[PDB]
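Trainee: Okay, structure incoming, though there's no sequence with it:
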């Protein structure tokens, strides 16, 4: 036995690293996509992060920390959702790692996620993240309307 399936996605986006990088670590922009999520962060290595929201009338809060912080290069952070209501098992969650690079034509992006129970879950995650990436591209590429 060993590590399970890992979800990975990537798309070619034409935009400056600053703005893309900013969109990744910003409680203000991250709020634009959300209806009214209050994200709080220090934006530095080892910084704790908490999200406020409401679920089925039951208020819940997530919790994680920055695994590593490399200015305009690499960003990694651990994440845990209490909505899981699963028995005490830290291995229940996974760590997300985002890789951003500035190329001559544009900037390449990649998002990876582990701990997938099955292909169905990996696909579900892959398709989900694709939606996020697609949603990000739709907003960023919005400048076309202007």
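Mentor: All right, it came through fine. Numbers count the residues shown, from 1 in each chain.

Trainee: neighbours around residue 121, how many?
Mentor: Neighbourhood size, residue 121 [other CB atoms under 10 Å]: 15. In short, each C-beta sits where N, CA and C put it, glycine included.

Trainee: Under a three-state scheme, what state does it occupy?
Mentor: Secondary structure, DSSP: H, G, I helix; E, B strand; the rest coil: residue 121 is helix.

Trainee: which ones are touching the closest residue to it other than its chain neighbours?
Mentor: With sequence-adjacent residues excluded and distances taken as CB to CB, 6 or more residues apart in numbering, residue 121 is closest to residue 5, at 7.6 Å. Residue 5 makes contact with 116, 118-119, 121-122 under the criterion CB atoms under 8 Å, 6 or more residues apart in numbering.

Trainee: Sort out which of those residues are buried, if you could.
Mentor: 116, 122 (16 or more other CB atoms under 10 Å).

Trainee: could I get the contacts of residue 5 as JSON lines with distance to residue 47?
Mentor: Output for the contacts of residue 5, formatted as JSON lines (distance: CB to CB, whole Å):
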{"residue": "116", "distance to residue 47": "27"}
{"residue": "118", "distance to residue 47": "33"}
{"residue": "119", "distance to residue 47": "34"}
{"residue": "121", "distance to residue 47": "29"}
{"residue": "122", "distance to residue 47": "29"}
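
Trainee: where does residue 86 land in three-state SS?
Mentor: Following three-state DSSP, residue 86 is assigned to coil.

Trainee: Helices along this structure, start to end?
Mentor: Secondary structure of the chain, counting by DSSP state H: helices at 17-24, 29-33, 119-140.

Trainee: Switch those helices over to CSV; also include distance to residue 46.
Mentor: Below are the helices of the chain laid out as CSV (distance: least, CB to CB, whole Å):
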stretch, distance to residue 46
helix 17-24, 17
helix 29-33, 20
helix 119-140, 25
